[PDB]
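A.B. asks:
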Amino acid sequence: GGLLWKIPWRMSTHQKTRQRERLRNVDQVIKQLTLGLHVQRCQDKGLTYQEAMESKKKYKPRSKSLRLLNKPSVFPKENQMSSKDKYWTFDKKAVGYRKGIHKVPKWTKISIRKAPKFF
Amino acid sequence: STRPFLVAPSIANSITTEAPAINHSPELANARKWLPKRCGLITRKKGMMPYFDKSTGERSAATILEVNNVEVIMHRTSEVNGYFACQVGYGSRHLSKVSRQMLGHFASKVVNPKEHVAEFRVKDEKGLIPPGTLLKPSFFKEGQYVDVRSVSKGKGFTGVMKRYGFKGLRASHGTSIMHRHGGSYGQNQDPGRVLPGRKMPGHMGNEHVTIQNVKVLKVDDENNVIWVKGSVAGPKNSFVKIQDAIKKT
Amino acid sequence: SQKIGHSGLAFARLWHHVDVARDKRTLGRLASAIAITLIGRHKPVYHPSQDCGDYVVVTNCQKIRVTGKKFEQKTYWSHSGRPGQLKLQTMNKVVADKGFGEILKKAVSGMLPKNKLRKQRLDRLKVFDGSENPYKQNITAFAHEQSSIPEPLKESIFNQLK
Amino acid sequence: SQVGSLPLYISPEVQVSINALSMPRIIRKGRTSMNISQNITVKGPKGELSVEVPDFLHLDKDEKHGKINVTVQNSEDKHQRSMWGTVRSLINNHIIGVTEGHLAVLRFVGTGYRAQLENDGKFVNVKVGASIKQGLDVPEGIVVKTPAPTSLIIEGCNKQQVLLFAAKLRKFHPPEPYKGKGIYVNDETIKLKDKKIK
Amino acid sequence: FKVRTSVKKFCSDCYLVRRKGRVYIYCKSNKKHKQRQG
RNA sequence: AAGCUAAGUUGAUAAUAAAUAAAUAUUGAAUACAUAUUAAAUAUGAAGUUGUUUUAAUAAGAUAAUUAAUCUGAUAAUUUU
RNA sequence: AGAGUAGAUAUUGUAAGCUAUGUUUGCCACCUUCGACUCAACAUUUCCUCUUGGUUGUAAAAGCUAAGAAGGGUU
RNA sequence: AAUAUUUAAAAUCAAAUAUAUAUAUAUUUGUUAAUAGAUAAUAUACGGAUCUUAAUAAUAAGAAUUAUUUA
RNA sequence: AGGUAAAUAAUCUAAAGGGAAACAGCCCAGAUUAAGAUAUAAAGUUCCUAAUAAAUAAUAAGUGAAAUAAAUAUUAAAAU
Ligand SMILES: [Mg+2]
Ligand SMILES: [Mg+2]
Ligand SMILES: [Mg+2]
Ligand SMILES: [Mg+2]
Ligand SMILES: [Mg+2]
Ligand SMILES: [Mg+2]
Ligand SMILES: [Mg+2]
Ligand SMILES: [Mg+2]
Ligand SMILES: [Mg+2]
Ligand SMILES: [Mg+2]
Ligand SMILES: [Mg+2]
Ligand SMILES: [Mg+2]
Ligand SMILES: [Mg+2]
Ligand SMILES: [Mg+2]
Ligand SMILES: [Mg+2]
Ligand SMILES: [Mg+2]
Ligand SMILES: [Mg+2]
Ligand SMILES: [Mg+2]
Ligand SMILES: [Mg+2]
Ligand SMILES: [Mg+2]
Ligand SMILES: [Mg+2]
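Protein sequences, first through last, are from chains F, V, H, B and A. Under this note's numbering, the first residue of the first sequence carries the number 4, and numbering increases by one thereafter. Under this note's numbering, the first residue of the second sequence carries the number 41, and numbering increases by one thereafter. Under this note's numbering, the first residue of the third sequence carries the number 2, and numbering increases by one thereafter. Under this note's numbering, the first residue of the fourth sequence carries the number 380, and numbering increases by one thereafter. Under this note's numbering, the first residue of the fifth sequence carries the number 11, and numbering increases by one thereafter.
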């Protein structure tokens with residue numbers, strides 16, 4: 004390993020802030036996707052946009068992907084994840100069975116929220 | 041009659057403190073030095089003669105150093121110079137050779153124009169001899185040790201053999217033209233350069249030497265000579281500074 | 002339009018004074034502040050192609066503040082060039098040999114940009130261990146701040162020198 | 380802590396007082412800092428001694444019963460309590476020194492081993508075996524007399540000084556494990572090894 | 011004297027010691043128990 | 001013969017002093033005891049360190065003269081120190 | 001574990017474990033001269049010289065083991 | 001206080017959220033630090049300077065390290 | 001093993017620019033030509049160097065501060 008890839012094993016405080024922001028943005032995209040479906044269904048029933056937003060009942064999504072993406076167990080929200088899962092991923096060939104999240108290729112884009120329960 | 045002037049409080053209200061002493065200072069350096077307690081003499085080496093001891097018959101080489109008009113010119117003190125020394129002049133010289141500026145300097149100190157001038161550092165004021173007092177061979181005592189200081193003989197461009205005692209290369213057994221060379225001069229490409237201080241051909245001589253613990257074996261003023269056992273660096277008619285040995289007594 | 006005018010006063014090498022007895026910053030943080038005023042960033046008329054620095058006078062350096070154990074652990078290096086002649090002097094040795102001003106001067110020298118103006122900017126920094134300096138009158142003084150200074154003290158500082 | 384809590388019985392002939400320093404030294408450390416701005420001047424018939432106690436230490440006084448209590452503002456801090464015990468111990472030692480006087484007994488066991496006082500008692504010459512004159516000068520505040528060449532008695536108002544001087548003398552020839560030979564600071568003993576001479 | 015990374019107490023008379031940024035052991039009963047954390 | 005040389009002659013191994021590494025100690029609490037302190041105070045300790053001695057380099061500073069018919073240098077001539 | 005008259009840790013330390021160096025024999029192919037003479041410079045994992053700890057196995061002297069130490073020397 | 005274990009949010013406890021909604025169910029999150037061990041050859045090598053705070057006292061400094069966060 | 005052989009994805013090959021001191025292959029981000037007002041990505045804000053103020057705990061080792069070195073020993077802290 005002569006070639007030097009000086010990638011540190013820990014993140015700076017600023018990388019952590021950006022990571023938390025990126026997770027929140029993804030959650031907000033999911034939150035907005037459901038909102039549109041609820042509003043569109045309500046308009047189909049006859050309601051208007053305003054009352055749809057103020058409706059007490061919120062129509063939950065029926066698609067498999069959106070239904071699971073709204074489950075905290077499957078896709079936890081940033082305020083729900085643990086600090087370890089925010090910044091550390093699971094690698095089975097590393098001491099501690101964990102490695103820095105920034106070492107995952109395209110970590111900024113890819114989403115890894117869930118780790119095995121005991122790892 | 042008060043001129044305008046303004047003062048900033050940043051220094052008007054500042055507390056007063058004395059800076060601590062630092063080693064990089066003439067005061068501390070002077071206290072650390074190893075200096076003798078007596079002034080010295082300027083001598084001209086005239087040659088060398090055998091000294092036959094009349095009690096045991098031992099024959100020891102002795103070099104004759106003459107003293108001629110050795111007079112103290114002026115002093116140097118800690119308060120104005122930072123070190124304690126006695127400037128000493130030797131000999132006499134025609135006014136046509138001495139610079140006009142130097143002729144005035146000698147006159148100010150009421151001394152003759154001098155062949156040579158040198159300083160002999162001392163430990164403290166107690167070793168300062170009054171200016172204008174002539175110095176004689178009797179200033180040194182029989183059987184005491186002194187340190188001599190003179191410029192060595194010139195030798196010109198001298199090779200590695202004569203300069204550092206290199207043993208050169210084999211004189212036979214196939215050796216090529218290079219016999220009187222030092223051989224290697226470095227390592228292969230790791231330093232990529234000849235390290236500083238590498239022993240190398242050059243010029244030796246015309247260099248200051250300090251032979252220490254030279255014994256005085258005859259002091260006489262009727263001939264104006266000083267006898268010191270051994271060799272004194274320099275050629276015929278070379279100025280030599282004699283002073284009390286610091287190491288031995 | 003803003004540049005037109007008398008620019009002489011702007012490019013004036015004022016003299017600033019920092020008293021380490023009163024200043025509470027550490028060595029490194031103080032050095033950073035001194036570097037900025039020597040570079041000239043504090044001046045709105047500053048350009049990187051010009052040396053707008055201002056002289057800085059530091060007194061009572063002996064009361065410098067060094068945290069941790071650096072005073073006896075920090076090592077200063079100086080290599081002549083020949084192999085095997087590396088010299089490593091602790092901060093304690095350096096101050097005992099040269100003074101506390103050299104610690105500040107060394108710290109500031111690193112902060113200064115590695116340009117041809119580094120040496121000129123460093124000599125503008127005058128560091129004295131004690132309160133006795135020849136630049137007492139070379140400071141920015143104002144008429145409206147002489148009330149606090151008593152007259153007997155004022156006269157001593159001005160006329161009585163050396 | 381517990382040692383610092385012990386009451387200190389002061390006799391009428393020995394007076395103990397606390398004062399303040401004109402030049403308070405401030406020795407720096409790590410996360411904790413220390414300030415010394417008080418002095419304790421213990422005086423008694425057998426001379427007087429002084430101690431520079433820290434600023435955070437104050438002495439309670441009670442004329443009745445000759446009892447004085449040493450207290451600290453905050454006993455939770457480890458540094459304060461540690462200093463509290465040490466100050467208690469030393470002032471007690473100073474008091475005991477100025478009222479009775481500390482004593483040290485040096486004993487030489489080897490053959491031809493002895494101590495002789497020179498320079499009118501200012502110098503102690505030791506003879507534990509060597510070809511060079513050996514000994515150290517007595518310091519100020521320590522009085523040394525020799526009842527016999529084999530033995531030696533050392534006293535002074537300071538317990539730390541008397542024992543340090545006694546220990547310094549001991550370094551010339553500490554006891555030998557095989558045959559008891561050397562200087563004994565006190566009744567301390569050294570276990571002798573078996574005489575398995577080869 | 012024992013220079014080991016593992017310093018232990020054998021004699022009931024050994025006492026741990028903290029000096030010069032190192033851990034020491036001394037036993038008055040027997041001198042073979044002396045060790046340094048090195 | 002002079003000169004150059006060592007196979008020859010002379011001398012030097014640079015003290016005193018300061019802080020120290022391993023190690024040996026006093027008082028002493030935190031922690032009733034013990035603890036040389038990775039607490040406050042007090043001492044020892046190496047051919048090592050700082051120094052010292054010696055050579056080379058710059059010249060802070062000092063003495064003196066400052067329009068010259070014997071002020072300061074250089075070119076030029078006879079040379080070896 | 002076991003020797004060490006006794007006792008694993010004065011000295012010695014099976015086989016297995018965790019490491020450090022890149023001074024030997026290897027492996028990959030990114031990259032196509034051993035010895036002698038002369039002069040050596042640097043490191044310390046210290047052979048001698050200096051200080052020190054342990055050594056029922058330090059009585060003395062010689063020794064064994066270990067710590068600080070690269071100033072000088074090492075046919 | 002002494003002694004012997006582990007350093008754990010699995011179980012338990014606390015808190016938050018989604019449903020039936022004063023409660024219950026379900027989901028999510030929360031369980032030690034320093035030192036020694038520590039290692040070679042041109043030159044100290046976090047990129048360098050340098051970074052740990054202090055009342056009397058400044059218009060004013062007090063991590064520029066580690067962990068979780070805010071604007 | 002900067003080794004060898006294949007499988008999936010990206011980049012270099014054929015890719016300017018920002019960041020990782022320097023860097024073909026890593027994080028961003030793809031150069032029509034201008035300008036330079038505004039958002040910005042990765043990454044940063046004591047000075048060199050464009051940009052900062054805070055909250056709660058731990059560290060006293062300069063550990064660490066952009067390439068984490070292990071078994072073990074010591075000290076101390078929580079829970080049973
Ligand atoms: Mg030959
Ligand atoms: Mg030939
Ligand atoms: Mg070649
Ligand atoms: Mg000889
Ligand atoms: Mg006690
Ligand atoms: Mg003891
Ligand atoms: Mg010595
Ligand atoms: Mg057995
Ligand atoms: Mg084995
Ligand atoms: Mg070593
Ligand atoms: Mg012996
Ligand atoms: Mg030396
Ligand atoms: Mg749970
Ligand atoms: Mg290095
Ligand atoms: Mg390959
Ligand atoms: Mg091609
Ligand atoms: Mg590119
Ligand atoms: Mg492409
Ligand atoms: Mg394009
Ligand atoms: Mg570091
Ligand atoms: Mg950087």
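Built from N, CA and C at the ideal position, the CB exists for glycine as well.
Return the chain-ordered ranges of every alpha helix (DSSP H) run that is complete within the region 196-229 of chain V and spans a minimum of 4 residues.
C.D. replies: 200-204
A.B. asks: Ligand 1 heavy atoms versus the CB of V/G208: any closer than 6 Å?
C.D. replies: For this step, residue 208 of chain V is matched to residue 168 along the second sequence. Yes, Cβ of V/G208 sits closer than 6 Å to a heavy atom of ligand 1.
A.B. asks: For the pair the region 547-555 of chain B and the region 426-445 of chain B, tell me if three or more CB-CB distances fall below 8 Å.
C.D. replies: no
A.B. asks: Just checking, does the region 147-155 of chain V make contact with the region 124-133 of chain V on the three C-beta pairs under 8 Å criterion?
C.D. replies: yes
A.B. asks: Could you name each continuous beta strand (DSSP E) segment of 3 residues or more that falls completely within the region 433-467 of chain B, going from the start of the chain to the end?
C.D. replies: Runs of the beta strand (DSSP E) inside the region 433-467 of chain B: 436-441 and 446-451.
A.B. asks: Please classify H/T60 as buried or exposed, where buried requires at least 16 neighbouring CB atoms within 10 angstroms.
C.D. replies: Sequence index remark: in the third sequence, residue 60 of chain H carries index 59 (1-based). Buried, because 16 or more other Cβ atoms sit within 10 Å of the Cβ of H/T60.
A.B. asks: Just verifying my parser: in three-state terms, what is the DSSP assignment at B/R493?
C.D. replies: In the fourth sequence, residue 493 of chain B corresponds to position 114, counting from 1. Residue state, collapsed to three classes: coil.
A.B. asks: Going by DSSP, what residues sit across from H/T76 in a beta bridge?
C.D. replies: Translated into the one-based positions of the third sequence, residue 76 of chain H becomes position 75. For H/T76, which the question treats as bridged, DSSP gives the partners H/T91.
A.B. asks: Just checking: is the beta-carbon of V/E58 within a distance shorter than 7 Å of some beta-carbon in chain H?
C.D. replies: Position 18 of the second sequence, counting from 1, holds the residue named residue 58 of chain V. Yes, V/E58 counts as interfacial toward chain H.
A.B. asks: If we ignore side chains and look at the alpha-carbon of each, how far apart do V/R203 and H/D98 end up?
C.D. replies: One-based indexing of the second sequence puts residue 203 of chain V at position 163. One-based indexing of the third sequence puts residue 98 of chain H at position 97. Cα to Cα, the separation comes out at about 37 Å.
A.B. asks: Just tell me which of B/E519, B/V488 and B/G520 has its CA closest to the CA of B/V505.
C.D. replies: Counted from its first residue, the fourth sequence places residue 505 of chain B at position 126. Taking only the C-alpha atoms, the option nearest B/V505 is B/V488.
A.B. asks: Cβ closer than 8 Å: which chain V residues qualify as neighbours of H/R83?
C.D. replies: Start at 1 with the first residue of the third sequence, and residue 83 of chain H comes out as number 82. At a C-beta separation below 8 Å, H/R83 has these neighbours in chain V: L235, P236 and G237.
A.B. asks: If I measure Cβ to Cβ from V/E111 and keep anything under 6 Å in the same chain, skipping five residues before and after, which residues do I get?
C.D. replies: Along the second sequence, one-based indexing puts residue 111 of chain V at 71. If we look at V/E111 and ignore the five residues flanking it on each side, its Cβ neighbours are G129, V151 and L174.
A.B. asks: Closer than 7 Å, CB to CB, is V/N70 near chain H or not?
C.D. replies: As a position in the second sequence, residue 70 of chain V is number 30, starting the count at 1. Cβ-Cβ to chain H under 7 Å: no for V/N70.
A.B. asks: Using only alpha-carbon positions, find the residue among B/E555, B/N418, B/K446 and B/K440 that is nearest to B/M402.
C.D. replies: For the purposes of this step, residue 402 of chain B is taken as residue 23 along the fourth sequence, with counting starting at 1. When each option's Cα is compared against that of B/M402, the closest is B/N418.
A.B. asks: By the criterion of Cβ-Cβ separation under 8 Å, what are the contact partners of H/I158 in chain V?
C.D. replies: Numbered from its first residue, the third sequence carries residue 158 of chain H at position 157. Simply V47, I51 and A52.
A.B. asks: Measure the Cβ-Cβ separation of B/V421 and B/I474 and say whether it is below 7 Å.
C.D. replies: Along the fourth sequence, one-based indexing puts residue 421 of chain B at 42. Along the fourth sequence, one-based indexing puts residue 474 of chain B at 95. Yes, these two residues count as a Cβ contact at 7 Å.
A.B. asks: Please classify F/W91 as buried or exposed, where buried requires at least 16 other C-beta atoms within 10 Å of its C-beta.
C.D. replies: As a position in the first sequence, residue 91 of chain F is number 88, starting the count at 1. Buried: at least 16 other Cβ atoms inside 10 Å.
A.B. asks: Can you name the start and end residues of the beta strand (DSSP E) that residue 1 of chain H belongs to?
C.D. replies: In the structure as shown, chain H starts at 2 and stops at 163, and residue 1 of chain H therefore has no counterpart that could be examined.
A.B. asks: Considering only their Cβ atoms, is the gap separating V/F160 from V/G80 smaller than 7 Å?
C.D. replies: The residue you call residue 80 of chain V lines up with position 40 of the second sequence. The residue you call residue 160 of chain V lines up with position 120 of the second sequence. The answer is yes: Cβ separation under 7 Å.
A.B. asks: In the DSSP assignment, what are the bridge partners of B/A399?
C.D. replies: What you label residue 399 of chain B is simply residue 20 of the fourth sequence in a count that begins at 1. Paired residue(s): B/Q417.
A.B. asks: Using the Cβ count rule (16 or more neighbours within 10 Å means buried), how would you classify B/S412?
C.D. replies: To locate residue 412 of chain B, count along the fourth sequence from 1; it is residue 33. By the 10 Å Cβ count, B/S412 comes out exposed.
A.B. asks: Does the distance from the C-beta atom of B/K425 to that of B/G480 stay below 7 Å?
C.D. replies: Numbered from its first residue, the fourth sequence carries residue 425 of chain B at position 46. Numbered from its first residue, the fourth sequence carries residue 480 of chain B at position 101. For B/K425 and B/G480, yes; Cβs fall inside 7 Å.
A.B. asks: Beta carbon of V/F124, beta carbon of V/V186: below 7 Å?
C.D. replies: Here residue 124 of chain V is taken as the residue at index 84 of the second sequence, counted from 1. Here residue 186 of chain V is taken as the residue at index 146 of the second sequence, counted from 1. Against a cut-off of 7 Å, the Cβ pair of V/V186 and V/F124 comes out as no contact.
A.B. asks: In the DSSP assignment, the beta strand (DSSP E) including V/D187 goes from what residue to what residue?
C.D. replies: What you label residue 187 of chain V is simply residue 147 of the second sequence in a count that begins at 1. It spans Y185 to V191 - the beta strand (DSSP E) in which V/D187 sits, taken as one unbroken run.
A.B. asks: What is the DSSP secondary structure of V/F92, reduced to helix, strand or coil?
C.D. replies: Here residue 92 of chain V is taken as the residue at index 52 of the second sequence, counted from 1. It is a strand residue.
A.B. asks: Do B/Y492 and B/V507 have their beta-carbon atoms positioned less than 7 Å apart in this structure?
C.D. replies: The residue you call residue 507 of chain B lines up with position 128 of the fourth sequence. The residue you call residue 492 of chain B lines up with position 113 of the fourth sequence. Going by C-beta atoms, B/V507 is nearer than 7 Å to B/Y492.
A.B. asks: I need the straight-line Cα distance from residue 293 of chain V to H/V128, nearest angstrom please.
C.D. replies: The question about residue 293 of chain V has no answer here: the residues shown for chain V are numbered 41 through 289.
A.B. asks: Comparing C-alpha positions only, which one of B/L531, B/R410, B/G476 and B/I521 sits nearest to B/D456?
C.D. replies: Position 77 of the fourth sequence, counting from 1, holds the residue named residue 456 of chain B. When each option's Cα is compared against that of B/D456, the closest is B/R410.
A.B. asks: Given 8 Å as the limit, is there contact between the region 216-230 of chain V and the region 52-70 of chain H, that is, 3 or more CB pairs closer than that?
C.D. replies: no
A.B. asks: Mind pulling the chain V residues with CB within less than 9 Å of H/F143?
C.D. replies: Counted from its first residue, the third sequence places residue 143 of chain H at position 142. Ordered by position in chain V, the residues that pass the 9 Å Cβ test against H/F143 are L46 and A48.
A.B. asks: Mind listing the chain V neighbours of H/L15? Cutoff is C-beta to C-beta under 8 Å, in chain order.
C.D. replies: Along the third sequence, one-based indexing puts residue 15 of chain H at 14. Correct list: empty, because the minimum Cβ distance to chain V is about 11 Å.
A.B. asks: Run the CB neighbour count on H/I140, radius 10 Å, all protein chains shown included, and call it buried at 16 or more, exposed below.
C.D. replies: Translated into the one-based positions of the third sequence, residue 140 of chain H becomes position 139. H/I140 is buried by the Cβ-count criterion.
A.B. asks: Just to confirm the assignment, what range does the beta strand (DSSP E) spanning B/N504 have?
C.D. replies: If you number the fourth sequence from 1, residue 504 of chain B lands on position 125. Per DSSP, the continuous beta strand (DSSP E) segment holding B/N504 begins and ends at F502 to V505.
A.B. asks: Do the region 25-34 of chain A and the region 516-534 of chain B touch if we need at least three Cβ pairs shorter than 8 Å?
C.D. replies: no
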